[PDB]
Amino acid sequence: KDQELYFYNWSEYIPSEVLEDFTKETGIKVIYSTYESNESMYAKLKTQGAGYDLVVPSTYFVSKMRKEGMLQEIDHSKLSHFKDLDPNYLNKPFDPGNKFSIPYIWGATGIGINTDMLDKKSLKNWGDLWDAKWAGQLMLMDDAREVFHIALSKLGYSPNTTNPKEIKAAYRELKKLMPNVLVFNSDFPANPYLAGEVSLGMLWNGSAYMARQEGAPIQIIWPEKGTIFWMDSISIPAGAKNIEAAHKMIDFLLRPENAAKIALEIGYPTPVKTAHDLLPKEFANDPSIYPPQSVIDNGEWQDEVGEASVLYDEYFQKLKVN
């Protein structure tokens, strides 16, 4: 008991050396596995029932998982670095008092572009991706809510709507975008841009940074309205057997030196205030990472849609298969 840790997380977030460092420091063996979406993560947790000590839902999955009895309360007294978290990302309606989730990584989705292949000025909004000149050229995220977000935004509806008529209208709008889609990828989304397989599409800010670090000129165009904002938080599943190891890992990741070093490797902003302050000005002021105020004001955080989540999934699965 507590000699091991079963940790299920998003791909790309934790460098292999960081898990090695945790095991060296604690003596705790990490059985690590990854997912590319909340929907894939959730389906595995449902089939398995238990077998996990840590899971990393986006904030729009936290209330759903709590209500379904999938999570357990996190003890802040076991987290010495809880005080290092930015208060602006804490105590939100999805999880009052952070009883079930700890902010871990926040990011945004914009339009990824290869500045050696295409023109930046020719795209300002999500709707521009529908232009016939993009036939068989785009990468979309493999994520129901993000793909629906861009179509709902184009239609002038809330990207967090629970109106079935609006979700259906977004589905019909997305059917018109499908001739422009080459691939759906949320597992290693910078790779099609790095390989020259795609020169445009949706892209996470961190992934575009990862691409630039490798040499590819992959920038982010922030849509004028409807830029996607999201946050991933760490949670402890209800059936977790290694609760002490779980808190030790959360605290290890919250450690400002760790959160800052990792952020520079992965290209994502951090909700750990003390770590954010350790980041260089070059990173903190990078326009392809941190969106401008106008983009913030006109964008939307991904929020819960309660029972309408099944409609989003049903239609998104149809888009991918058809």
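Residues carry their position along the shown sequence, with the first being 1.
- According to the PDB record, 23-31 carries the higher mean C-alpha B-factor of the two stretches 23-31 and 50-58.
- Averaged over CA atoms, B-factors in the entry run higher in 112-120 than in the other of 198-206 and 112-120.
- In the PDB entry, the Cα temperature factor peaks, among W106, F148, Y193, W134, at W134.
- Per the deposited coordinates, the residue with the largest Cα temperature factor out of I266, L253, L278, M70 is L278.
- In the PDB entry, a CA B factor belonging to the middle third of its chain's modelled residues is recorded for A260.
- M249 sits in the lowest third of its chain by CA B factor, as recorded in the PDB entry.
- Sort the modelled residues of the chain by CA B factor and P164 lands in the middle third.
- Annotation for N98: CA B-factor lies in the middle third of the chain's modelled residues.
- Annotation for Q213: CA B-factor lies in the highest third of the chain's modelled residues.
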